[PDB]
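Take a look at the structure set out below.
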Amino acid sequence: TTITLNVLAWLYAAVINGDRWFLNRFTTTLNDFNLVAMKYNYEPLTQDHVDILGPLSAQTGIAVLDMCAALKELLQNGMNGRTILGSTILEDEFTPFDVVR
Amino acid sequence: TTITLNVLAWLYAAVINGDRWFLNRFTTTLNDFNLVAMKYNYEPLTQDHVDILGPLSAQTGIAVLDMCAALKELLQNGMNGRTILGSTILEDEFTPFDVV
């Protein structure tokens, strides 16, 4: 069996020696995001879509692709009892134009 | 089909209204970590193990359970071509005392 204690000790050694990526959020590319988006029957995201979300990205300071990595995560790991704006589900009934209002 | 553009717009709405959790890390319970660990044939982590790692946690400034969440994430989503200390796999040949 894999000794978890050791693996954790090793990760700590990695950090002591300079590693940081596995501690931060990963981000993603449009293409990688879509590979995931498709496993869960989500409409593929186009470059246009990405560019169309710029207003909201400028208003929040959160790069669009960074928000995509967040969605990617929720899709793979779930919300785990946590909600978003009080919802237990990811809402898709509101458009960009809707939210910007 | 689920409109991705709309879902992303919603998350931004959520951020605009104060949401943050889905942007930052996700710490973990020793229990939740173990449910995940066993899924991948890893030794379950005990409270002793956690406490034994305190020296390294103090030297790095990153809590044990936070490192556990990091591991949890690596096991569920993989390393994706990225490496750790040059290795392409999660090494478990070194004990806490080997690292110290």
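Labeling convention for the structure tokens: chains A, B, ... as they appear, residues from 1 per chain, ligands from 1 in order of appearance.
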Next item on the list: Give me, as a PyMOL selection string, the contact residues of chain A against chain B at a cut-off of 8 Å, counting only C-alpha atoms.
Entry: chain A and resi 1-17+19+22-25+37+41-45+49+53+56-57+60+67-68+70-71+74+84-85+90-96+99-100
Next item on the list: From range 7-36 of chain B, collect each residue whose DSSP state is alpha helix (DSSP H) and return the set as a VMD selection string.
Entry: chain B and resid 7 to 16 30 to 36
Note to self: Run DSSP on the backbone and tell me which residues of chain B come out as strand (DSSP E or B); list them as a ChimeraX atom specification.
What the structure shows: /B:2,42,84,87
Filtering to N, CA, C and O atoms, could you give me those residues as a PDB file, in the first residue's frame?
ATOM      1  N   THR B   2     -26.355  22.392 -21.350  1.00  0.00           N
ATOM      2  CA  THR B   2     -26.100  23.414 -20.330  1.00  0.00           C
ATOM      3  C   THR B   2     -25.245  24.511 -20.974  1.00  0.00           C
ATOM      4  O   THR B   2     -24.152  24.239 -21.478  1.00  0.00           O
ATOM      5  N   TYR B  42      -4.553   4.141  -0.707  1.00  0.00           N
ATOM      6  CA  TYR B  42      -3.539   4.793   0.117  1.00  0.00           C
ATOM      7  C   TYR B  42      -3.818   4.413   1.573  1.00  0.00           C
ATOM      8  O   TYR B  42      -4.966   4.149   1.938  1.00  0.00           O
ATOM      9  N   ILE B  84       6.805  16.993  -9.595  1.00  0.00           N
ATOM     10  CA  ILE B  84       7.083  17.492  -8.249  1.00  0.00           C
ATOM     11  C   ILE B  84       8.518  17.035  -7.969  1.00  0.00           C
ATOM     12  O   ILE B  84       8.816  15.844  -8.042  1.00  0.00           O
ATOM     13  N   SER B  87      10.107  14.487 -10.272  1.00  0.00           N
ATOM     14  CA  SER B  87       9.377  13.233 -10.455  1.00  0.00           C
ATOM     15  C   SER B  87       8.001  13.394 -11.113  1.00  0.00           C
ATOM     16  O   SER B  87       7.321  14.418 -10.937  1.00  0.00           O
TER      17      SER B  87
END
Next item on the list: Provide the CA of residue 66 in chain A to CA of residue 28 in chain A distance in Å, to one decimal place.
Entry: 6.8 Å
